[PDB]
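Shown below, as structure tokens, is a lone chain in the form deposited in one PDB entry; questions about how it binds or moves come after it.
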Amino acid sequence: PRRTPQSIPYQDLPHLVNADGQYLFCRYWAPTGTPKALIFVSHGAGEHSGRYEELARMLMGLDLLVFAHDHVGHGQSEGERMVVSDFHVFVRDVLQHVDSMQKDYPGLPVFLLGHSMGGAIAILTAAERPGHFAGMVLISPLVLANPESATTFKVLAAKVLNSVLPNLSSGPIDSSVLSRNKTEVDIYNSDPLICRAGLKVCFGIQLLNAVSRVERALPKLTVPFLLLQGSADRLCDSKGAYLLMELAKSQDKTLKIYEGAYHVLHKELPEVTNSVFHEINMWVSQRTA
């Protein structure tokens, strides 16, 4: 019997099998009545779908059917940890799950919600099907890297290195950059489904590929979106949020900056987190009324 990396049989859990024959763990939050819309939640690098419990329960409370899976190599899904043959695998698998849910709920609008690497996934998904999605909620999406982190010289060394030792690790993540909320950093550091190990250079190359692909996608992007960004984000540089606002073709685009906030805005200081929830609630409510 096929089992999650934590040894739980997939037959006990919601799942799907992707185009490469890998089992992905799925999560669903369905209202009691006919939903008004569908929304897919796209998690970030090293995390998993269970970190969106509270946001998902809020969206289900608006009578959306919320659904997610753990990306390949993440959470309770199969695959070598935090490795992907090419970044587009994540997009492909999102589209499989979206197409499965649309078949079951024909005619309902479908939204995307993406954070971090999952925001880059959401952008690329929406740019692959222009006109298809009703809207996107992006929380600190990967659009631009921290310019210090990703100099021409560090990127050219990292391509040379990846041609020899694609499995070489960077250091562990500084989880202290994720949030000013120390209890949320402690929760992240003790979550057995998070990968906080070094990133492999081959996966760092796939994140640079995502950044490249997002830039080429922005002039195709027409989908309505809400963009939430902290000013003190050391992973997804705030300059990327400005770039997405400038280059997207979307007629309906809104940015809110959280002054002083770190990366995980939905698990930040309580004033930030409460604002993030409220803004998502109003933006989705307006567009499902």
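Shifts are known only where both forms have a C-alpha. We number the residues from 1 along the sequence you see. In this text, the rigid core denotes the largest set of C-alpha atoms whose superposition between the two forms falls within 1.5 Å.
- In this entry, 28-36 shows the higher mean Cα temperature factor of the pair 28-36 and 44-52.
- Mean C-alpha B-factor is higher over 150-158 than over the other stretch, the pair under comparison being 150-158 and 195-203.
- The PDB entry assigns the greatest CA B-factor among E184, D99, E128, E78 to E128.
- Which of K103, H74, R92, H115 has the largest Cα B-factor in the deposited entry comes down to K103.
- Sort the chain's modelled residues by C-alpha temperature factor and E268 lands in the lowest third, per the entry.
- In the deposited entry, the Cα temperature factor of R57 sits in the middle third of values across the chain's modelled residues.
- Annotation for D63: C-alpha temperature factor in the highest third relative to the rest of the modelled chain, per the entry.
- Ranked by C-alpha B-factor against the other modelled residues of its chain, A122 falls in the lowest third.
- When all modelled residues of the chain are sorted by CA temperature factor, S140 is found within the lowest third.
Below, we turn to the form deposited in another entry, even though it does not appear here.
- Only one of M101, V84, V211, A158 has its C-alpha shifted by 2 Å or more between the shown form and the other one once the core is superposed, and that residue is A158.
- Annotation for the pair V83/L156: C-alpha atoms approach each other in the other form, by 3 Å or more compared with this form.
- Inter-residue distance, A197 to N162 (Cα): increased by at least 3 Å in the other form versus the depicted form.
- Remark: 151-164 is the one run between the shown form and the other one in which three or more consecutive shared residues have Cα displacements of 2 Å or more on core superposition.
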